[PDB]
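So this one's final19.cif, mmCIF, C-alpha atoms (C1' of nucleotides):
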```
data_work
#
loop_
_atom_site.label_atom_id
_atom_site.label_comp_id
_atom_site.auth_asym_id
_atom_site.auth_seq_id
_atom_site.Cartn_x
_atom_site.Cartn_y
_atom_site.Cartn_z
CA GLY A 2721 26.77 -13.01 -25.34
CA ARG A 2722 30.05 -11.56 -26.86
CA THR A 2723 28.92 -11.83 -30.57
CA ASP A 2724 25.43 -10.37 -29.90
CA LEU A 2725 26.38 -6.95 -28.42
CA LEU A 2726 24.48 -5.23 -31.26
CA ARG A 2727 21.64 -5.62 -28.63
CA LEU A 2728 23.06 -2.48 -26.89
CA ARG A 2729 21.88 -0.39 -29.92
CA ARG A 2730 18.73 1.26 -28.40
CA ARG A 2731 16.88 4.62 -28.04
CA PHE A 2732 14.31 5.85 -25.46
CA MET A 2733 11.16 8.12 -25.50
CA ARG A 2734 11.41 11.68 -24.00
CA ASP A 2735 7.65 12.15 -23.62
CA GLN A 2736 7.08 10.63 -20.18
CA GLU A 2737 3.40 11.18 -21.17
CA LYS A 2738 3.58 8.93 -24.31
CA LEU A 2739 5.63 6.40 -22.32
CA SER A 2740 2.87 6.37 -19.66
CA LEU A 2741 0.26 5.80 -22.45
CA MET A 2742 2.35 2.83 -23.68
CA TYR A 2743 2.23 1.39 -20.14
CA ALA A 2744 -1.53 2.16 -19.86
CA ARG A 2745 -2.21 0.39 -23.24
CA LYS A 2746 0.04 -2.54 -22.18
CA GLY A 2747 -1.65 -2.45 -18.73
CA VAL A 2748 -5.23 -2.80 -20.09
CA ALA A 2749 -4.24 -5.61 -22.52
CA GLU A 2750 -2.40 -7.31 -19.59
CA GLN A 2751 -5.52 -6.90 -17.37
CA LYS A 2752 -7.66 -8.74 -19.99
CA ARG A 2753 -4.83 -11.29 -20.65
CA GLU A 2754 -4.63 -12.01 -16.87
CA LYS A 2755 -8.42 -12.62 -16.68
CA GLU A 2756 -8.71 -14.80 -19.80
CA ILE A 2757 -5.56 -16.89 -18.99
CA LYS A 2758 -6.95 -17.46 -15.44
CA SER A 2759 -10.27 -18.56 -17.02
CA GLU A 2760 -8.37 -20.93 -19.38
CA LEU A 2761 -6.21 -22.28 -16.49
CA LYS A 2762 -9.52 -23.05 -14.68
CA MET A 2763 -10.75 -25.16 -17.65
CA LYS A 2764 -7.38 -26.89 -18.29
CA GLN A 2765 -6.69 -27.59 -14.55
CA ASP A 2766 -9.72 -29.98 -14.49
CA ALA A 2767 -8.74 -31.57 -17.87
CA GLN A 2768 -4.88 -32.00 -17.83
CA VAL A 2769 -3.54 -35.62 -18.17
CA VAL A 2770 -0.31 -37.67 -18.59
CA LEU A 2771 0.38 -41.14 -20.13
CA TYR A 2772 2.52 -43.56 -18.04
CA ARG A 2773 3.44 -46.06 -20.85
CA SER A 2774 4.53 -45.55 -24.49
CA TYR A 2775 2.66 -47.46 -27.26
CA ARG A 2776 3.52 -49.15 -30.57
CA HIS A 2777 1.22 -49.74 -33.58
CA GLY A 2778 0.97 -52.60 -36.16
CA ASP A 2779 -1.41 -55.16 -37.78
CA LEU A 2780 -1.25 -57.23 -34.51
CA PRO A 2781 -1.23 -56.62 -30.70
CA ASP A 2782 2.32 -55.63 -29.53
CA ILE A 2783 2.57 -58.47 -26.91
CA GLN A 2784 6.32 -58.14 -26.10
CA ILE A 2785 5.88 -55.20 -23.63
CA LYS A 2786 8.45 -54.47 -20.86
CA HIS A 2787 7.67 -55.27 -17.17
CA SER A 2788 8.04 -51.49 -16.61
CA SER A 2789 5.04 -50.77 -18.87
CA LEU A 2790 2.60 -52.72 -16.65
CA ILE A 2791 4.03 -51.90 -13.20
CA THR A 2792 4.13 -48.13 -13.86
CA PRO A 2793 0.37 -47.88 -14.66
CA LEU A 2794 -0.51 -50.43 -11.95
CA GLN A 2795 1.05 -48.06 -9.42
CA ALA A 2796 -0.37 -44.98 -11.22
CA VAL A 2797 -3.96 -46.22 -10.64
CA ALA A 2798 -3.34 -47.39 -7.04
CA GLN A 2799 -1.84 -43.92 -6.36
CA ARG A 2800 -5.22 -42.50 -7.32
CA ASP A 2801 -8.23 -44.76 -6.50
CA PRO A 2802 -8.39 -46.14 -2.89
"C1'" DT B 1 -28.12 54.07 62.35
"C1'" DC B 2 -24.15 50.13 57.37
"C1'" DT B 3 -24.84 47.86 51.63
"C1'" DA B 4 -21.98 47.46 46.66
"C1'" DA B 5 -18.33 49.07 44.16
"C1'" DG B 6 -14.41 49.07 43.58
"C1'" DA B 7 -9.92 46.48 44.81
"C1'" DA B 8 -6.81 42.35 45.59
"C1'" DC B 9 -5.10 37.03 44.95
"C1'" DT B 10 -5.44 32.26 43.23
"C1'" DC B 11 -7.04 28.96 40.18
"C1'" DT B 12 -8.94 26.87 36.05
"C1'" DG B 13 -9.27 26.28 30.82
"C1'" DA B 14 -8.08 27.36 26.16
"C1'" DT B 15 -4.67 28.61 22.61
"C1'" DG B 16 -0.43 28.49 20.82
"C1'" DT B 17 4.23 26.70 21.07
"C1'" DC B 18 8.20 23.05 20.17
"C1'" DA B 19 10.30 18.28 19.08
"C1'" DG B 20 9.70 14.36 17.60
"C1'" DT B 21 7.11 10.41 15.25
"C1'" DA B 22 5.09 8.31 11.27
"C1'" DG B 23 1.70 8.01 8.36
"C1'" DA B 24 -0.38 8.86 3.54
"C1'" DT B 25 0.33 11.72 -0.70
"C1'" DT B 26 2.57 12.84 -4.36
"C1'" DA B 27 5.87 12.71 -7.61
"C1'" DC B 28 9.27 9.52 -10.55
"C1'" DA B 29 9.85 6.35 -13.18
"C1'" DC B 30 9.62 2.02 -16.28
"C1'" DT B 31 11.77 1.19 -23.06
#
```

What do you get writing this file as structure tokens?
Amino acid sequence: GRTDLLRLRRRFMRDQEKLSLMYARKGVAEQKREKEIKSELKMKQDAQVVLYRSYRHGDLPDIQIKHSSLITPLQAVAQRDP
DNA sequence: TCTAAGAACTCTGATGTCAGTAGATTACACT
């Protein structure tokens, strides 16, 4: 960090009261942020996905696919439906 | 011709004491 030591330029409140209001205002916004991000993580937990092969595009079907690109999804389904 | 008022002692039960233990309350503090 040797070039960046400007970051040690700082000053601090002396009202412990105002500083507590900063942490109360941060604390209420955090309490809402916690609830809404949990509610979003509920929605997105059910809906998250991943793709096991990469795809090309063109005027024709890209027939010359690697063995890898069939065997990876063939396992990825068998991993997942009995 | 005797029946209670006055002792006396021990014992029981509460109140306050000390030392030590540990919990919950209250301050202190985050940039």

- Determine the residue set returned by the PyMOL selection byres ((chain B) within 10 of (chain A)) for the present structure, and present it as a count of residues only. 4

- Item | Minimum-distance residue to residue A:2772, chosen among A:2747, A:2796, A:2752, A:2786 (using all atoms listed in the file) |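 When distances to residue A:2772 are compared using all atoms listed in the file, the smallest one comes from A:2796.
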
- How many Å separate atom CA of residue A:2801 from atom CA of residue A:2766? 16.9 Å

- Provide the atom CA of residue A:2768 to atom CA of residue A:2791 distance in Å, to one decimal place.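 Atom CA of residue A:2791 lies at a distance of 22.3 Å from atom CA of residue A:2768.
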
Report as an mmCIF file with C-alpha atoms, in the coordinates of the input the full result of the PyMOL selection byres ((chain A and resi 2773) around 12) when it is applied to this structure.
```cif
data_model
loop_
_atom_site.group_PDB
_atom_site.id
_atom_site.type_symbol
_atom_site.label_atom_id
_atom_site.label_comp_id
_atom_site.auth_asym_id
_atom_site.auth_seq_id
_atom_site.Cartn_x
_atom_site.Cartn_y
_atom_site.Cartn_z
ATOM 1 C CA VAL A 2770 -0.310 -37.670 -18.590
ATOM 2 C CA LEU A 2771 0.380 -41.140 -20.130
ATOM 3 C CA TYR A 2772 2.520 -43.560 -18.040
ATOM 4 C CA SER A 2774 4.530 -45.550 -24.490
ATOM 5 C CA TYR A 2775 2.660 -47.460 -27.260
ATOM 6 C CA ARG A 2776 3.520 -49.150 -30.570
ATOM 7 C CA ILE A 2785 5.880 -55.200 -23.630
ATOM 8 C CA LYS A 2786 8.450 -54.470 -20.860
ATOM 9 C CA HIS A 2787 7.670 -55.270 -17.170
ATOM 10 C CA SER A 2788 8.040 -51.490 -16.610
ATOM 11 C CA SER A 2789 5.040 -50.770 -18.870
ATOM 12 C CA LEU A 2790 2.600 -52.720 -16.650
ATOM 13 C CA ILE A 2791 4.030 -51.900 -13.200
ATOM 14 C CA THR A 2792 4.130 -48.130 -13.860
ATOM 15 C CA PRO A 2793 0.370 -47.880 -14.660
ATOM 16 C CA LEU A 2794 -0.510 -50.430 -11.950
ATOM 17 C CA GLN A 2795 1.050 -48.060 -9.420
ATOM 18 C CA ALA A 2796 -0.370 -44.980 -11.220
#
```

- Separation of atom CA of residue A:2734 from atom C1' of residue B:27, in Å and rounded to one decimal: 17.3 Å
